[PDB]
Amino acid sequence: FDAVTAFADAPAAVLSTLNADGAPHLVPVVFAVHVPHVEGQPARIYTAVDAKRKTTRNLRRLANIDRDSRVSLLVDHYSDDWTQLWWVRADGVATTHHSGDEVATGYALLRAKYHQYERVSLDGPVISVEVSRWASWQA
(Lines of atoms letter the chains of each structure in order from A and count residues from 1; the text may use other names and numbers.)
(Lines give C-alpha, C1' and ligand atoms only; values in the text may rest on other atoms or scores of the structure.)
Protein backbone atom coordinates (compact mmCIF):
# COMPACT_ATOMS: atom_id res chain seq x y z
CA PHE A 1 0.00 0.00 0.00
CA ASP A 2 1.49 3.30 -1.14
CA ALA A 3 -0.28 6.15 0.67
CA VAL A 4 0.90 8.88 -1.70
CA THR A 5 -0.24 6.93 -4.76
CA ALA A 6 -3.63 6.07 -3.24
CA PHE A 7 -4.14 9.75 -2.45
CA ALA A 8 -2.96 10.97 -5.87
CA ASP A 9 -5.20 8.56 -7.79
CA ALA A 10 -8.41 9.42 -5.93
CA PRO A 11 -10.96 11.70 -7.61
CA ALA A 12 -11.91 13.80 -4.60
CA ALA A 13 -10.38 15.05 -1.36
CA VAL A 14 -11.77 17.08 1.51
CA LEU A 15 -9.92 20.37 2.12
CA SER A 16 -9.93 21.88 5.60
CA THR A 17 -9.03 25.52 6.19
CA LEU A 18 -9.45 27.77 9.22
CA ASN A 19 -12.24 30.32 9.45
CA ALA A 20 -11.54 33.82 10.81
CA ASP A 21 -12.37 32.79 14.39
CA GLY A 22 -10.17 29.69 14.16
CA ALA A 23 -12.99 27.16 13.65
CA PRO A 24 -12.54 24.53 10.97
CA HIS A 25 -14.11 24.74 7.56
CA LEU A 26 -14.54 21.84 5.09
CA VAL A 27 -15.12 21.71 1.32
CA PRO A 28 -14.49 18.95 -1.20
CA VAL A 29 -12.07 19.55 -4.05
CA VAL A 30 -10.66 17.94 -7.18
CA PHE A 31 -6.89 18.04 -7.09
CA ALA A 32 -3.62 16.84 -8.57
CA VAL A 33 -0.50 15.71 -6.77
CA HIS A 34 3.03 16.44 -7.93
CA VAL A 35 5.65 14.05 -6.55
CA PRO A 36 8.98 15.82 -7.02
CA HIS A 37 11.31 13.36 -8.68
CA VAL A 38 14.38 14.88 -7.05
CA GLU A 39 13.30 12.71 -4.10
CA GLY A 40 13.63 14.45 -0.74
CA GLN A 41 11.62 17.42 -1.71
CA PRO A 42 8.14 17.90 -0.45
CA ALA A 43 5.15 16.74 -2.47
CA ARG A 44 2.89 19.44 -3.89
CA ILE A 45 -0.88 19.34 -4.09
CA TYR A 46 -2.63 21.54 -6.62
CA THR A 47 -6.25 22.58 -6.68
CA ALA A 48 -8.01 25.24 -8.75
CA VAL A 49 -10.75 27.58 -7.59
CA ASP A 50 -13.79 28.65 -9.62
CA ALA A 51 -13.86 32.22 -8.29
CA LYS A 52 -14.15 35.61 -10.01
CA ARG A 53 -13.19 38.79 -8.06
CA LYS A 54 -15.68 41.53 -7.01
CA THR A 55 -18.81 39.75 -8.23
CA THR A 56 -18.87 36.07 -7.07
CA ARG A 57 -18.34 33.46 -4.31
CA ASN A 58 -16.30 30.33 -3.34
CA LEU A 59 -14.38 33.11 -1.68
CA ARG A 60 -14.19 31.48 1.74
CA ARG A 61 -11.38 28.93 1.18
CA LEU A 62 -9.26 31.66 -0.41
CA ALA A 63 -9.98 34.15 2.36
CA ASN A 64 -9.19 31.53 4.99
CA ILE A 65 -5.87 30.60 3.40
CA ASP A 66 -4.92 34.28 3.06
CA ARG A 67 -5.31 34.73 6.83
CA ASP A 68 -3.81 31.37 7.87
CA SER A 69 -1.98 29.15 5.37
CA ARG A 70 -2.25 25.94 7.41
CA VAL A 71 -4.44 23.30 5.70
CA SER A 72 -5.21 19.60 5.66
CA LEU A 73 -6.57 17.35 2.90
CA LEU A 74 -8.10 13.90 3.31
CA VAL A 75 -8.88 11.12 0.87
CA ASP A 76 -11.13 8.40 2.24
CA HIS A 77 -12.24 4.96 1.10
CA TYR A 78 -15.45 3.57 2.50
CA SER A 79 -16.57 -0.01 2.00
CA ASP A 80 -19.49 -2.02 3.27
CA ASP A 81 -16.71 -4.43 4.30
CA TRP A 82 -15.04 -2.51 7.14
CA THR A 83 -11.87 -4.56 6.76
CA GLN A 84 -11.37 -2.70 3.47
CA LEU A 85 -11.43 0.83 4.91
CA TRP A 86 -8.47 3.18 4.42
CA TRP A 87 -7.62 6.86 4.34
CA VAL A 88 -4.72 9.14 3.53
CA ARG A 89 -4.22 12.64 4.88
CA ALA A 90 -1.88 15.43 3.83
CA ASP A 91 -1.07 18.30 6.23
CA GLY A 92 0.65 21.35 4.84
CA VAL A 93 0.92 25.01 3.93
CA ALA A 94 -1.20 26.48 1.14
CA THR A 95 -0.17 29.32 -1.16
CA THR A 96 -2.69 30.94 -3.50
CA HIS A 97 -1.35 31.89 -6.93
CA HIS A 98 -3.00 34.28 -9.36
CA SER A 99 -0.24 34.09 -11.99
CA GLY A 100 3.13 32.50 -12.70
CA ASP A 101 4.62 29.01 -12.91
CA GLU A 102 2.45 27.53 -10.13
CA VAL A 103 -0.72 28.35 -12.03
CA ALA A 104 0.80 26.82 -15.15
CA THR A 105 1.92 23.77 -13.21
CA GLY A 106 -1.43 23.35 -11.47
CA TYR A 107 -3.48 23.74 -14.64
CA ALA A 108 -1.23 21.26 -16.42
CA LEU A 109 -1.56 18.56 -13.77
CA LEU A 110 -5.31 19.12 -13.36
CA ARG A 111 -6.08 18.76 -17.09
CA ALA A 112 -3.92 15.65 -17.25
CA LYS A 113 -5.92 14.00 -14.47
CA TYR A 114 -9.48 15.17 -15.13
CA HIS A 115 -10.89 14.94 -18.65
CA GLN A 116 -13.83 17.06 -17.48
CA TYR A 117 -11.50 20.04 -17.85
CA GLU A 118 -11.85 19.70 -21.63
CA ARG A 119 -15.36 21.15 -21.25
CA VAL A 120 -15.14 22.86 -17.84
CA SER A 121 -13.24 26.15 -17.84
CA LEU A 122 -10.01 26.57 -15.90
CA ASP A 123 -9.34 30.25 -15.33
CA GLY A 124 -9.26 30.73 -11.57
CA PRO A 125 -6.50 30.89 -8.98
CA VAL A 126 -4.49 27.80 -8.13
CA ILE A 127 -3.84 26.73 -4.58
CA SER A 128 -0.49 25.06 -4.08
CA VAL A 129 -0.13 22.97 -0.93
CA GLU A 130 3.35 22.17 0.30
CA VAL A 131 2.88 18.91 2.20
CA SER A 132 4.73 18.81 5.50
CA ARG A 133 3.48 15.33 6.36
CA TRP A 134 1.50 12.39 5.01
CA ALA A 135 -0.52 10.17 7.33
CA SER A 136 -2.47 7.03 6.50
CA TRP A 137 -4.41 4.12 7.96
CA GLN A 138 -5.69 0.77 6.68
CA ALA A 139 -8.16 -1.53 8.39
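In this text, residue numbers run from 1 along the sequence as written.
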Out of 71 to 79 and 32 to 40, which one has CA B-factors that are higher on average in the deposited record?
32 to 40
Which is higher in the entry, the mean Cα B factor of 60 to 68 or that of 95 to 103?
95 to 103
Just grab whichever of 18, 12, 129, 122 has the top CA B-factor as deposited.
122
Quick one: which of 1, 137, 7, 134 has the biggest Cα B-factor according to the entry?
1
Residue 26: CA temperature factor from the record, placed by chain third, in the lowest
Binned into thirds over the chain's modelled residues, the C-alpha B-factor of residue 48 lands in the middle
